[PDB]
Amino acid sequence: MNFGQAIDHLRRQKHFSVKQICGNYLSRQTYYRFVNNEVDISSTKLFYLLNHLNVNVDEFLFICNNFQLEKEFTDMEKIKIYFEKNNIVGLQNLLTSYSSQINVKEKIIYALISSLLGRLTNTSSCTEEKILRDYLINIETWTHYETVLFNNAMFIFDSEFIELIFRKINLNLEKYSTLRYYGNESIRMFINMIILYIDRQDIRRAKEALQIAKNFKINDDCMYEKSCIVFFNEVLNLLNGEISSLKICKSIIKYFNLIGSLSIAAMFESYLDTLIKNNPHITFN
C-alpha cells in the first residue's frame, strides 16, 4: 500500500482534518495528489505529516507493508531456521530469489545462503565467505542489519574474527542502549557468541565476552536478557567447577516454566543436559 493511502487511512482512523495534519506546510491539492499516488512529497514533509498523525515512522512502514516486517529481515529469520533444520530446499529456494544480486543487500544474503549451503554439502564457497568477511570487518557504525547478519553468519568464522568483531562493536552497541528491540538484540548476539565459544571449548573468550555483556547498561525490565547473562555466567562458573551454580541454572529454568516460556525453558533444559554430557566434571559429586 503506497504512502498516500496509509497517511489518509491513519488520518481518518484518528478523526484528524487535512488542515490539522498539513498545517501550513502542504496544500490540499498537493495532499490529495499524494493520497492518489500522483505526486511524491519531500522527506521533511512526510515526517511532518507522521508527526501531526502522532504516528512513528517504524509503525507507519509496518502498515504500508501490509502489517509485515521488511522482506530482508523476514528472509534472514527463514535462513536461520532452514540452516538449523538442515533444509537445503528452503536455502536453495532463497538462493534463486537473491541470485539477481542487483545491490549490496542481495550480495550479502546471496553470500550468506551460499556459505550456509557450503557447510551443509561440504563444498567450498571461498568467494562468498570473503564477501561476508569484508562487509562485516569494515563496519564502524554497527546497525540492526549487521546484528541479524552476524547472528546468522557467526559460526562459519574462525574465533579470532568473531573476537575481532565483538571487541570492535562494544562502543556504538552501547550508544543505542536506549534503542527499543536493538539494545536487546545486541545482547542476544553476545549470548550467541558466548554459546559458540563455550561450544568450541574456547572458554577463555566466553569469560571476556560475558564480562563485557555484564558491563552493558541493562534496564531491569530486560528479563530474558538479564536471565541469559546470569544463566551463562553460572554455566562458566560450573566449567571452573562449582555444583553450587547448577541449582541457580535449574531455578532459572523453573522460572521460565512458571511464566509459560515453556519452549525457552526446554531449550535451556536441553542445553544444560548437553553441557553436563560433554563436560561431566560439572555435576561430579
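A residue's number is simply how far along the shown sequence it sits, counting from 1.
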Average Cα temperature factor in the PDB entry - higher stretch of 226-234, 33-41: 33-41
Of 24-32 and 53-61, the one with larger mean CA B-factor: 24-32
Just to confirm, going by the entry's C-alpha B-factors, which of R188, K130, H144, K207 comes out highest? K207
Which of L91, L164, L149, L171 ranks first by CA B-factor in the deposited coordinates: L171
Tell me, lowest, middle or highest third: where does the Cα B factor of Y176 rank within its chain? highest
Here the Cα B-factor of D75, set against its chain, lands in the third termed lowest
Going by what the PDB entry lists, where does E106 fall on CA B-factor within its chain: lowest, middle or highest third? middle
Lowest, middle or highest third: where is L258 by C-alpha B factor in its chain? lowest
Give the position of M154 by CA B-factor within its chain, expressed as the lowest, middle or highest third. lowest
